[PDB]
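First to last, the sequence lines map onto chains G and D.
The authors' numbering numbers the first residue of the first sequence as 1 and each following residue consecutively.
The authors' numbering numbers the first residue of the second sequence as 306 and each following residue consecutively.
For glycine and all other residues, C-beta sits at the position ideal for the given N, C-alpha and C.
Structure, as structure tokens:
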Amino acid sequence: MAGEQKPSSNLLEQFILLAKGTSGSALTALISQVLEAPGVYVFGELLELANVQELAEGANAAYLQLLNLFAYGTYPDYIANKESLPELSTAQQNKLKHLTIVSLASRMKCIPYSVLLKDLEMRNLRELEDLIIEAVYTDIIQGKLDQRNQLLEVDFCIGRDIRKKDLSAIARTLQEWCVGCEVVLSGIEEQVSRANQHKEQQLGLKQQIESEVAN
Amino acid sequence: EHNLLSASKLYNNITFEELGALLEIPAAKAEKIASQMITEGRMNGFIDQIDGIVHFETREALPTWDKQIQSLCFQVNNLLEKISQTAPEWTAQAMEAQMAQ
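Next comes the structure, spelled out in structure tokens:
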């Protein structure tokens, strides 16, 4: 319905009315069709509904585990936690791989190939760059293949998930970088209050000299 | 040609070997046909034969990163898109917290 970065736009009121009316096993079908929603793998204001709250910790408490994984966890969590979460499709298993990998490139300028080969259990180059190119092909990833650094060049990242609260840390990292660019630019400001204020003083005095040269 | 073309559009460098096994061709044949497409011009970059890497023109630096700083303004806009988009509980609560507070 609404439109910015998100999965298939049906999903919001889709699963609103689903969890509203589909519950228990109908809630499980709800979840199964939730599973393919990439940009909303996390449902903060969608777990706002008590229907998803019983989705959570109901029969599908493992699915709330998986949801928080999208919010918090990674696919390599599943590589360890192969049984904790609900079932997933190979497409959706690679989707959780893309969870952790978009989080990684979110971390670094460029994540190494071997990094995701190992944490995401990726064996070889072929499948590696297959899922890589499909991630970038989602257009989440800007930049390019950082082969020489054995990384992935990253120029732009679309938001992966709703990623239950880093909210505090989120806003405070925001405050951090805001103030950082601010202080860079403010040091510039006072270098300006130096230089061409210094230009005012310098030329004023130099002109005083030139005027006094006469008599 | 189109497979090498798609490998060009998506890189910034690839070895003769990684492009060879990428498109199931020999590495020397990868260099050969890659140089023949740069000869055809629809592949573009720069070839290091000795290091064995057909680099593409990598086109990435700090003024490109300043274009990415203007894109970081538009990705604060895309952060507003994630606020309205990624999760519906996150939609309601982040449209409250990050925008109205």
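Distance, residue j Cα to residue i Cα
i         : j         : result
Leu99(G)  : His360(D) : 29 Å
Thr391(D) : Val136(G) : 18 Å
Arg194(G) : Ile209(G) : 21 Å
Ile162(G) : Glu394(D) : 8 Å
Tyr63(G)  : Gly180(G) : 40 Å
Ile188(G) : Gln197(G) : 13 Å
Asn318(D) : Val115(G) : 19 Å
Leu17(G)  : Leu30(G)  : 9 Å
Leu185(G) : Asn81(G)  : 47 Å
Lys164(G) : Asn308(D) : 40 Å
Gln142(G) : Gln398(D) : 28 Å
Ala59(G)  : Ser32(G)  : 13 Å
Cross-strand partners of residue i (DSSP beta bridge)
i         : result
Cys157(G) : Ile141(G)
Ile352(D) : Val359(D)
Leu152(G) : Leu145(G)
Proximity test, residue i beta-carbon vs the ligand MG heavy atom, cut-off 8 Å
i         : result
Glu323(D) : Only the bare structure without any ligand can be found here, which leaves the ligand MG out of the picture.
Interface flag, residue i vs chain G, CB-CB below 9 Å
i         : result
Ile352(D) : no
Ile319(D) : yes
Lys337(D) : no
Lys334(D) : no
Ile330(D) : no
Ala326(D) : yes
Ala399(D) : yes
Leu309(D) : no
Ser340(D) : no
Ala402(D) : yes
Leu385(D) : yes
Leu367(D) : no
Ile358(D) : yes
Which of helix, strand or coil DSSP assigns to residue i
i         : result
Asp146(G) : strand
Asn318(D) : strand
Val40(G)  : coil
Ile162(G) : coil
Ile170(G) : helix
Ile111(G) : coil
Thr100(G) : helix
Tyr75(G)  : helix
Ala335(D) : helix
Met404(D) : helix
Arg126(G) : helix
CB contact below 9 Å: residue i versus chain D
i         : result
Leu120(G) : no
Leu125(G) : yes
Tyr137(G) : yes
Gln5(G)   : yes
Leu69(G)  : no
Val115(G) : no
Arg172(G) : no
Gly39(G)  : yes
Take every Cβ of the segment 345-357 of chain D, pair it with every Cβ of the segment 124-135 of chain G, and state whether three or more of those distances are shorter than 8 Å. no
Closer than 8 Å is the cut-off here; do at least three beta carbon pairs connect the segment 47-62 of chain G with the segment 72-79 of chain G? no
Is there contact between the segment 333-342 of chain D and the segment 350-366 of chain D, where contact requires at least three CB pairs shorter than 8 Å? yes
Counting Cβ pairs closer than 8 Å, one from the segment 24-38 of chain G and one from the segment 355-375 of chain D, do we hit at least three? Under the Cβ criterion (8 Å, minimum of three pairs), the segment 24-38 of chain G does not count as touching the segment 355-375 of chain D.
Decide yes or no for the touch test of the segment 1-14 of chain G against the segment 28-39 of chain G: beta carbon pairs closer than 8 Å, at least 3 of them. yes
Segment contact flag, the segment 149-156 of chain G with the segment 86-95 of chain G, C-beta cutoff 8 Å, min 3 pairs: no
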